[PDB]
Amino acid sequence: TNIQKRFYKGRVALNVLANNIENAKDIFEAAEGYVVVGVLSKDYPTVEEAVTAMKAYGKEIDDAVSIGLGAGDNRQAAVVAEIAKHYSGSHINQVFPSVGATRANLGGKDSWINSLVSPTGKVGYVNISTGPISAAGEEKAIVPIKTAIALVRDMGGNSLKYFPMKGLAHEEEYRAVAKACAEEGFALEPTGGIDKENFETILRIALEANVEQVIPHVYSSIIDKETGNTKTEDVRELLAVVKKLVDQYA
C-alpha cells in the first residue's frame, strides 16, 4: 500500500533525486505527491547517519523516500540492505543479487524494492549479474527477461530497474522488456539518460505495451548544475506528460 499512493491513476510514479530536504519538499509539491524522492546511501559516512537523514526527509514528504545506491553502484548494495533493517522509505533501489537480503531485512514492513538488471545487446535477454562479485565475473548471467522477473519475484522484489538505458540507445531491447513485464504483470523502472526530450517516448513505450505500473527515473538532466537542486519547473513538466499519457492509456 504505501508506494501505491504515489502512482498517478495507479499507473506512473516519478523517481527523481533531491539535493536536500527543502528541495525534496519542493519536488513533492511540484509532482502533486506522485513521486518518490531519491536519497543516496553514499552521501552519508555511516548507516546510522543515512537512516537519520532518510527519516527526516520522510517526516516531511509522507515517507515518499527512495533509498538509493547512487547510479546503481554495487559497492553500496550491502549498505542499502543494512539501512532496510532501520528505515523502509517507500521505495528501495537494489542490485539483483541483494534483493533477497533487503526484503528479509525489512522484517515484514511494507516497502517496494527494485532489481537492477541490464541491457545486453541481445533483444529478449537481460544481465542479472549486477552484484559486486557477479559483475566482475568472466561471463555474465544473460537470461530471458521473464526468467529474470520470476527470480526477482522469488527474491522479494517488485520491479525491474532497467539500467543503464543510455536514453533510447537500447530501444528495441527496452520494448521487449516492457512486453515481458506486461506478460508477467510486473512493474518496470526505466533508468539512464532520460531527459525532458525523450521522457514521453520512453514512458509511452511502456504504457503502449500495457505495463501496469511504471516508475521512470530522471536524474541529472533535470538538476541545476550551479545549485545542485532538482528543478521544480522540470518536475511540473514531467508530471504534465505523465497525466497526458496515463489519461490516454486509461
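Residue numbers run from 1 along the displayed sequence.
Legend entry - Stretch with the greater mean C-alpha B-factor as recorded in the entry, comparing 223-231 against 21-29: It is 223-231 that shows the higher mean C-alpha B-factor.
Legend entry - Stretch with the higher entry mean CA B-factor, where the candidates are 139-147 and 161-169: Averaged over C-alpha atoms, the B-factors run higher in 161-169.
Legend entry - Residue with highest C-alpha B-factor in the PDB entry, from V123, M155, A77, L116: Result of the comparison over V123, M155, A77, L116: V123.
Legend entry - Cα B factor band for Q94 (lowest, middle or highest third within the chain): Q94: CA B-factor falls in the lowest third of its chain.
Inset, instruction - Consider only the C-alpha atoms of the modelled residues in this chain, order them by B-factor as the entry records it, and name the third containing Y57: lowest, middle or highest. - result: Middle third - that is where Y57 ends up once the chain's C-alpha B-factors are sorted.
Inset, instruction - Going by the recorded CA B-factors, say which third of the chain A209 sits in, lowest, middle or highest. - result: As the PDB entry reports it, the C-alpha B-factor of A209 lands in the highest third of its chain.
Inset, instruction - Could you tell me which third, lowest, middle or highest, the C-alpha B-factor of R103 occupies within its chain? - result: CA B-factor rank for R103: lowest third.
Inset, instruction - Grab the CA temperature factor for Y34 from the record and place it in the lowest, middle or highest third of its chain. - result: Lowest third of the chain for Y34's C-alpha B-factor.
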